[PDB]
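There is one chain below, alone, in C-alpha cells, taken in the form solved without its partner chain.
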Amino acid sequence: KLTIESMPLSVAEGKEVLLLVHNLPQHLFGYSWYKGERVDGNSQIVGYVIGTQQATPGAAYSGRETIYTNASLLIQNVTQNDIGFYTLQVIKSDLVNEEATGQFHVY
C-alpha cells in the first residue's frame, strides 16, 4: 500500500525535506510528482521514466525539487507559504496507476 514519509515531518523554513516512498508496486514505467493533493498537469513537478532515467520538468517545477531513482523527492528551500502537500503518481506498465499524498509542516 503506497505511502509517503517526510524526513523530517516538520521542516524549518528555507531548509530541505525528503519525501521517501514506501511500498512501490512492481512492473513500473515511471513516476510523476505533483505539488498539492491532486494529480493535475498544471501542478506537475516532474515526470520520470525509469528505463531511460529521464526526468522532464512540468509547469510546477520551481528549481527546488529533485527526484531520485527510488522515486524519492527532495525539496530544498521550503517556503513559509507551503501547505506541504505533495502527490506521487506511480505509472505502471499496464497504466492501471496508483497515487499517494504526503505532507510536511513548515515553521
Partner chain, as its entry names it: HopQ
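Residues that one form lacks are left out of the comparison. Residue numbers count along the first chain shown, from 1. Between two forms, the rigid core is the largest collection of C-alphas that superpose within 1.5 Å.
From this point on, the text means the form solved in complex with its partner chain, which you will not see here.
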Inset, instruction - Report whether the minimum heavy atom distance between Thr79 and its partner chain in the bound PDB entry is within 4.5 Å. - result: no
Inset, instruction - Please check if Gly36 has a heavy atom lying within 4.5 Å of any heavy atom of its partner chain in the bound PDB entry. - result: no
Inset, instruction - Classify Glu13 as contacting or not contacting its partner chain in the bound PDB entry by the rule of any non-hydrogen atom within 4.5 angstroms, answering yes or no. - result: no
Legend entry - Non-hydrogen atom contact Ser62 with its partner chain in the bound PDB entry at 4.5 angstroms: no
Inset, instruction - Determine the residues of 3 to 41 with a heavy atom within 4.5 Å of its partner chain in the bound PDB entry and present them in sequence order; the list may be empty. - result: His27, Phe29, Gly30, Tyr31, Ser32, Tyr34, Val39, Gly41
Inset, instruction - Using the rigid core as the fixed frame, list which single one of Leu20, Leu9, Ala12, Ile83 shifts its Cα by at least 2 angstroms between the shown form and the other one. - result: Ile83
Inset, instruction - Provide the ranges, sorted by sequence, of consecutive runs with at least 3 residues in which each Cα shifts 2 Å or more between the shown form and the other one, based on a superposition on the core. - result: 81 to 84
